[PDB]
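In structure tokens, one chain follows: the form deposited in one PDB entry.
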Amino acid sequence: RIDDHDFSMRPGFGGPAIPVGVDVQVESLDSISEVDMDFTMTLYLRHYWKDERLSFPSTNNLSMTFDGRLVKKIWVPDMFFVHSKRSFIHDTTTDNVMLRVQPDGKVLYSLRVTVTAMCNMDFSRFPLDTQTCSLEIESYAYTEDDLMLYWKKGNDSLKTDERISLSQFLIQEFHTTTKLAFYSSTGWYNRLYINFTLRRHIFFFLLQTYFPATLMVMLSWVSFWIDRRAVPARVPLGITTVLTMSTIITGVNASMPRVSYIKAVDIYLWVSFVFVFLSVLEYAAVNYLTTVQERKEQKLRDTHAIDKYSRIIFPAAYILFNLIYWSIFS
């Protein structure tokens, strides 16, 4: 009896709020953006409510599935995703819409959607960071006085596919919560949350960034073991180490997020750069002192202490730095 009723008014229009239950199955997590600070998810969204205007006579007490072109002729709750950037409903080969109605008016409605939603990421410990994210569901036009939104089975209303995986992150700790939201100009609304945690894998970053910089720092210590008389052997080695470290730094910066603070990897890289710089300065000082001594001996007419002490001081300083660093950012 579609044609006999006005479906621009909710069930119970003018009376108490109508309960609407929600059930979600998560299908996949498609991508994460560190410059845009958002994520994309595909899910099946289910609604439960009753409308006495949709009853029909039957002897079986069983639900029937209808084509889905009928959805545009009846009242349907208006859910939307808060703090989202873009979304759409899949529609091949037809709209991905299910409608099942029982003889007493109970309705099950189901959509397949894709949502891109924002989140606040902290990179102060990158690439050792851990992030938390949430997707928020809320009705748009109806306040809690007209429509009451809740999880259909409480904590049991959220399911996930076994094939959910991201190549760069470990996904854990799915759960659901609720909260009441307030708008100064419209009223009070009930929000539903889907929360989860992401843990990044660190092997790639270690192998591609920490390994080369440490190797170049250790290469800069070769200079201390070379006879100081070979100036065109010790100067080129230091300057080439500086050039290699700078090129590595640029190549790494080509792929990094940009924030108003500095990530742990930046601290590591610039400490290595300063170490190489100080090695070059030390050799310059040694050469100057040797020349001065030669001039004084001419006027009057072995390993230099600085080299033999730096051979111990430099490795100790780097080892201490690494101990503190991997005790803090473990």
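Superpose the two forms; the largest set of C-alphas matching within 1.5 Å is the rigid core. Just count from 1 along the sequence shown to find any residue number.
Here the subject shifts to the form deposited in another entry, a form of this protein not shown in this document.
Once both forms are overlaid on the rigid core, the distance between the two CA positions of residue 287 between the shown form and the other one is under 2 angstroms.
A movement of the C-alpha atom of residue 175 falling short of 2 angstroms is seen between the shown form and the other one when the two forms are aligned on their rigid core. Fitting the two forms on the rigid core leaves the C-alpha of residue 258 displaced by at least 2 angstroms between the shown form and the other one.
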